[PDB]
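Participant: need the 3D shape of this:
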Amino acid sequence: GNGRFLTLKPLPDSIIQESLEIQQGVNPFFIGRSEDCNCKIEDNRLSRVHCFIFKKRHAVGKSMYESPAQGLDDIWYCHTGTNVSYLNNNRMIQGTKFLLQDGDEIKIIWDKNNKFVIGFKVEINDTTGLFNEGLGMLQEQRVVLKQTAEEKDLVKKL
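Facilitator: Numbering: from 1, shown residues only. Next up is the structure itself:
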């Protein structure tokens, strides 16, 4: 690859059926109804910036002895459109940050009335000095974080 690391693959089961490629963690990645977002999701009720994937350096403590995880870069999926974000079994709200482990198929919008369900498959082919292969294996186990002024600023400029 010329610079691939994370492939975001939305599929046919979800209203979004395309494949995106996050180059060595190209952040932030904007996602929503308008293709303007680095990621494409055609969902009427879904906001243009409704969801965005951001990358940050994994916050770790002093490297006691010789151990990996010596501070690296992690990717955080930050939802934003009122439809609330959904990953595995963690429910989110309109503006939450969540870790994306490999094989992360998240539904940004799910409506039984119109079957308007979304789903993206996170597949990290390359791990560029990442805190982990990308399967998320830190102390926290799939926890939802809140978006602060820092995240809100990312969506300010698509």
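Participant: on the three-state scheme, the spatially most central residue of the chain is what?
Facilitator: Centroid-nearest residue in the chain, with Cα atoms, centre = their mean: residue 77, separated by 2.7 Å. Judged by DSSP: H, G, I helix; E, B strand; the rest coil, the three-state class of residue 77 is strand.
Participant: for it, give me its contacts.
Facilitator: 51, 53, 85, 87, 97-100, 104, 106 (Cβ atoms under 8 Å, 6 or more residues apart in numbering). All C-beta atoms are positioned from the backbone trio N, CA, C, and that covers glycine.
Participant: strands of the protein, start to end?
Facilitator: Applying DSSP state E to the chain gives strands spanning 6-10, 20-22, 29-32, 39-40, 51-57, 73-79, 86-87, 90-91, 96-99, 106-107, 120-123, 144-146.
Participant: how about residues contacting the last one?
Facilitator: Residues from elsewhere that reach strand 144-146 (Cβ under 8 Å, 6+ apart): 76, 90-92, 95-98.
Participant: generate a PyMOL selection restricted to the buried subset of these.
Facilitator: Entered in PyMOL, the line below selects the buried ones among the contacts of strand 144-146, by 16 or more other Cβ atoms under 10 Å:
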select buried, resi 76+92+95+96+97+98
